[PDB]
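I have placed the structure first, in the form of structure tokens, so that the comments after it can refer back to it.
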Amino acid sequence: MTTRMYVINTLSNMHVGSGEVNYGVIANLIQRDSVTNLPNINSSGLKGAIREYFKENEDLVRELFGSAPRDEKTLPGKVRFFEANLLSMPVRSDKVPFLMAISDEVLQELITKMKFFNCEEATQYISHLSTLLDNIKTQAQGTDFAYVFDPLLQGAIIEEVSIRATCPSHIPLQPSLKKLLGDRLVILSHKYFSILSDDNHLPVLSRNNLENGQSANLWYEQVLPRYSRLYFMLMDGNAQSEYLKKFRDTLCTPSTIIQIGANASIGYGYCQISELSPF
Amino acid sequence: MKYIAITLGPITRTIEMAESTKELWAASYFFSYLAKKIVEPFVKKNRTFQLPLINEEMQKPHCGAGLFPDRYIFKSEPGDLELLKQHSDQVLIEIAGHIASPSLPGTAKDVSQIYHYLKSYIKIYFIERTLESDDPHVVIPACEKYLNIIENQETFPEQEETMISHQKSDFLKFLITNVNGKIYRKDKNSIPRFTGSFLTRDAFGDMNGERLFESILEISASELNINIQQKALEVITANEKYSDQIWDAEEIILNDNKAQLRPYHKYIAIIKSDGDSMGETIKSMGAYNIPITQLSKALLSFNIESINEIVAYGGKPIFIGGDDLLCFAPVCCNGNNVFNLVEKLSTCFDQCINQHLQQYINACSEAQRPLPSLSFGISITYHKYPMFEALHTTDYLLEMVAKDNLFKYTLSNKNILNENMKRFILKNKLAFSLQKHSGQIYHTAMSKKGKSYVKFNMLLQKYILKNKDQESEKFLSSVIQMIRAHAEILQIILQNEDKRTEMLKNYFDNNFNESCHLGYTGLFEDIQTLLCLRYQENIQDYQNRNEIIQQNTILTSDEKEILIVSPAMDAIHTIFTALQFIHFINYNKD
Amino acid sequence: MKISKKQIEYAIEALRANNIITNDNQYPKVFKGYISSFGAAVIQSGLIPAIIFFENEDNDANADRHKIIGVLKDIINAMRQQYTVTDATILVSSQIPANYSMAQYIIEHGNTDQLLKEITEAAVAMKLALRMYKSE
Amino acid sequence: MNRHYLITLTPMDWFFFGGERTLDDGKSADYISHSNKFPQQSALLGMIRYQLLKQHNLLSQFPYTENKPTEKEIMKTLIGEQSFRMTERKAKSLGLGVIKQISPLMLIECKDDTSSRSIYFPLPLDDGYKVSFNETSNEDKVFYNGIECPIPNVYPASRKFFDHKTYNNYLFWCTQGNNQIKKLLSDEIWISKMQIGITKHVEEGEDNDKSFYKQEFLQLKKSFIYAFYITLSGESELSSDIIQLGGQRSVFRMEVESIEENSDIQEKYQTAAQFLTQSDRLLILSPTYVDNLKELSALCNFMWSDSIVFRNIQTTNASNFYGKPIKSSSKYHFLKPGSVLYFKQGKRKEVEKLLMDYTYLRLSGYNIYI
Ligand SMILES: Nc1ncnc2c1ncn2[C@@H]1O[C@H](COP(=O)(O)OP(=O)(O)OP(=O)(O)O)[C@@H](O)[C@H]1O
Ligand SMILES: C[S@@+](CC[C@H](N)C(=O)[O-])C[C@H]1O[C@@H](n2cnc3c(N)ncnc32)[C@H](O)[C@@H]1O
Ligand SMILES: [Mn+2]
């Protein structure tokens, strides 16, 4: 009945359009945070996607998300949606197809956000993540780092930024932290993550428009890689317990897939919303 | 002696109040009308004017453009103060009456309420200084600074009731919104006409050709000899305020003319120009003994010739007064481009400066001092793109880039302007931006001082297709992507001082080494020459500026990188933007 | 990929240093074909056979084909000079000795994935930098 | 009996404060919606009333009701019977319930050494310049729309004259330092982003392709928070919670801190503003309203001022609350904070009497000067 953390875990490519005026080759760019330039989803897009999924359940939509745009009478929604910040991203590797890349700065920002928002299971996650971050800083000692926690993953190569994965044996990764951040997790410096998540390294796809075999238009598209993880905060205010429980159970159902992003018909931005499990 | 200086009008706010081209024109001409009516008694009483040269020609209607500025310095005999006060009150009472209930779409109006609103809104401040010298060079800046400080006193209406229609209090936007009047019908087989307000009948005259402006498409697309406004008016009046309906109908009518429709017909260009350091020019004409009346003559002649050129090209003059110009013109019509119009305007300004300021031109020639010049800001946008955003973009271009006010503003906010840094202020620039319907935005800046501008204009003239008539020069679109992709290599080539031209020619020959490219040697040579000229001008203008900016310790790294411009990359971007504009004009989705 | 300006600069300096371009910005015509064929040979055959074929002196060719291998070695040396020396990095920054044939270096310095990537990038840089000059 | 609190608002996300919504009226909306840097005092008062009605669980939920007239009476004596309107701008009492006095909203900087707070005010429009108003008489007289005024001779306090090409006081905010006045740019305080929004076209219905808009969202710098002072009468508890302030469901966090008793919040605000005092002029600290600007202009030689727009959402104690709210039929213009009034010789008390004649606005947080 308070602020809750949700994880997105996109199962496909995701393209949430900024609508910004492009200065380069990529016509369609993805939404990025103003301050940190990390990929993000606007709260309006999150609310739109979740309302689209639940649109059939009219009472739940009216109670939680509010009235329709054409409704003759307006009811404010009881649920407040926040921005979805990038948690982890898949990066190309050599021993494995990919690794889930996280940075120290995004971990610190997540800790600050949970402290500021006071999530449901905030305390244990804050304590364990703070201990992990302090151990990481103790082992790094001001140097650029890339730490794997699976012993088999030692010596892994991040392809885009040519760095090698080290294994600190005295830094334990708790199972809940693995469930939150992902499997085959790599913790590296935020400079490496910023380079990996910048415009020159995010996947760019060429697209065509053909009329009777003649190309009408050409443009390039930017997408967020599949299996990337994003987190947002949901504030319910104080909604009906039955509608809120229905919303949480439907969201956490393994068979529930939410479409966030532009290209729905060609399978862009299908995700599985998770809840912060108790530690 | 007994000089009088008059400043009037919250021009920026009223221009902000317009969301359409016709509303912008009405707002701009409202203040010209006010100034004309305010100053016509003093001109009729034949007193010497030290600022604006008010002759018979400026009082005549000139294609619906406002030639009357907002600042007037005026020599007054005793008895002009209360005369000016009473005339200001009377010219508020009139106009308040003129907006009461002519053939204007509305319900009813209270003359006293309109007069109160106009008095609370329209700024009318005048200063009667007692100076000791009759020299214009002394009286003009001394009164100008006091006018500048006078402009900071704010007067506004306290209450604005706008609801239940018939008790309105915002009448200026009623005037600008309803300036074409109410479209009136009197027959089943005739041409519907606009019952224009007092502004239209004072601006556009009353002698035929009375197609008053309505929606931007008619000048956005005026080369097809299609009376789009007549068809739009007949379509609107065939069924059943009206600005949106006319805009939609005009768009549809332009859509059924796909046969001879080119993509630039839906794009509109905004032109803004200001005088490059007119105050320092006046100081120079104070040092060398040249009267300022010659400068006023040159400015008035340039204004008249610029109005004529804008009308001949096919655009619309919004405001041309003093050193300031605002024009709405088609991107390309009847074979001429926007940049052709800009070149013509620059040529007209130079011709008027030479004709009316020959003594000062000769003095500054051997003295090695800069001459008066025009900085230009051009914005081309989709017709549906917000006009406020387009005007803000044009202002940003002109002021910040073309007048180099980014450098000066960043330096002054940190209080490091000094004088050696002031030596690096660059004028005589052309800022141009084209934003597509998808927001691709091509922007560049160029210096009109050297031959790079001439070569740019010649390239545009050469490689832009003319309408079907005998052959053109066969522009090649593959060079656009080559320059973008090979930009760093071109920078490396440009940085080689001894073998720059040979390396550029060799690179273009070796990349475009196929049989088809034998017909594009002229294009390759032209772009090579333009690139070399632009790089030379850029290094001359910006090298020492970049070194001193980097050597500065106060400025932050981000502000340093914003202020620092790379000469080679800037030249490459200019070539890229020129080629993109050529391709945009040339290509049509058949 | 995208064109690397620093590698183009290294290619220019190595082409000048290995006596490919004369005092005038001109080179013998066959070197264009040499540079273009080197990458295709590297892909189709192995890296070692291609380096052996192009590094081979006393061959019957219209010009000095081993000069391109010299240019490649110089570019690789410049790249390794510019490499960042940090822990948890993959690249080895030791320069290739001037008394060493490239074939011998690749022979006794195996696991040559980094060397393969460097050689391909240097070949691309050589191809793109040779276009600034004219063929006699 | 009269407890005074200090309320600090921390922006938990991007916030949006509504503007005029239009440069005209009728049915038109604004494609570009811009965000005011500050909320109206009406927004603060309504937030206080809503939070009080949340603490004492008396809320207007689901369609419409009449609210049990005994509950109507208790809600009247709690929050008043009426919203903020400028019709009662000369009333000697706020007319609300337990709410008595609200200070103008302050920009407070919180440092790492969280023991002291820095209060930031807009830079006075005359800062760094000297204005003289030479009175040798018969020299030169300004006529501001036909009223006599002495000529405003102005010089930088460092001669030359006012160069409006270098005038930039309107871009700066200021705070007290143990030396000179610290100038902070508005850019360094507020971060602004423009968001594009559409309604997804659900077919088999709607003519709504027309749903397309841009909005401006403002974010405060990490060390900056909003704050104001409130006086609550008798038995009235204000608990820290999560509140709504501004459009688009902008969310904030209250910290309710009870300062020592027998304190005057007006005196606290004026003590904060003391460092900007100049004896030859009046500095407008909060949006000031005068019914007629003519008398004010007659009372001073120069009005280096600007104007802001005001329009309140007017709701009765028992209103619909689910529908288009009724807004003040009249759009009102206030004097922008940081404006300076250079009065004539003497007559400072006359201008002060004119300004404090509207005690209702003074209690709310408007018409405050130093
Ligand atoms: N008709 C005119 N005759 C003489 N001077 C004029 C005339 N119109 C305007 N001026 C001069 O224009 C000056 C104001 O110019 P403005 O502020 O537009 O910019 P500028 O000095 O031309 O250049 P910039 O914008 O680069 O600073 C005044 O000092 C005034 O003397
Ligand atoms: C930005 S305003 C500043 C002062 C303002 N003109 C006033 O009197 O309050 C100055 C600019 O307004 C423009 N301008 C002046 N008179 C105008 C008019 N009648 N119509 C349109 N623009 C005008 C010119 O570009 C001039 O340089
Ligand atoms: Mn000007």
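The way I read the labels, and the way they are meant: chains A, B, ... in the order of the structure tokens, residue 1 as the first residue of every chain, and ligand 1 as the first ligand shown, with later ones counted on from there.
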
Using only C-alpha atoms and all ligand atoms, determine which residues fall within 8 Å of ligand 1, then list them as a PyMOL selection string.
(chain B and resi 50-53+69+140-141+144+274-280+282+292-293+295-297+299-300+321-324+399+403+427) or (chain D and resi 165)

Do a neighbour search on range 45-55 of chain A at 8 Å with only C-alpha atoms, toss out local chain neighbours closer than 4 positions, and write the hits as a list in words.
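Listed by chain and then number, they are residues 16, 41, 60, 61, 65, 81, 84, 258, 259, 260 and 261 of chain A.
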
Would you list the contacts of residue 250 in chain B as a list in words, taking every protein, DNA or RNA residue within 8 Å and counting only C-alpha atoms, but skipping same-chain residues closer than 6 positions in sequence?
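What passes the distance filter is residues 217, 228, 229, 231 and 232 of chain B.
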
Generate the output file for the selected residues, N, CA and C atoms, as a compact mmCIF listing (two decimals), in the first residue's frame.
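result_36.txt was written with the following content:
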# COMPACT_ATOMS: atom_id res chain seq x y z
N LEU B 217 -0.30 29.43 -47.00
CA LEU B 217 -0.04 28.59 -48.16
C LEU B 217 0.05 29.40 -49.46
N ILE B 228 -5.55 30.05 -55.38
CA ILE B 228 -5.91 29.13 -54.30
C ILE B 228 -6.88 29.79 -53.33
N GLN B 229 -6.74 31.10 -53.10
CA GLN B 229 -7.60 31.78 -52.14
C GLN B 229 -9.03 31.89 -52.66
N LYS B 231 -10.61 29.77 -54.73
CA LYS B 231 -11.23 28.46 -54.59
C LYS B 231 -11.51 28.14 -53.12
N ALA B 232 -10.58 28.48 -52.23
CA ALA B 232 -10.79 28.22 -50.81
C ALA B 232 -11.98 29.00 -50.28

Might you pull out every residue within 7 Å of residue 190 in chain D, with only C-alpha atoms counted and same-chain residues fewer than 3 positions away left off, and present them as a ChimeraX atom specification?
/D:186-187,218-221

I need the contact residues of chain A against chain C, so if you could list those with any atom within 9 Å, counting only C-alpha atoms, and return them as a ChimeraX atom specification, that would help.
/A:143-146,155,157,162-166

Excluding range 338-349 of chain D and residues on its chain fewer than 3 positions from it, collect all residues at most 6 Å away from it, counting only C-alpha atoms, and give them as a PyMOL selection string.
chain D and resi 122-125+281-285+300-305+352-353

Neighbours of ligand 2 within 8 Å, counting only C-alpha atoms and all ligand atoms, as JSON, numbers by chain?
{"B": [7, 8, 9, 10, 11, 12, 15, 27, 28, 29, 30, 31, 32, 35, 66, 67, 68, 69, 70, 71, 123, 148, 151, 274, 318, 319, 320, 321, 323, 324, 325, 326]}

Quick one: DSSP strand (DSSP E or B) residues in range 8-250 of chain D, as a ChimeraX atom specification?
/D:8-11,15-16,32-33,82,99-102,106-110,117-122,129-131,141-144,148-150,154-156,172-176,181-185,190-198,212-220,224-233,242-244,247
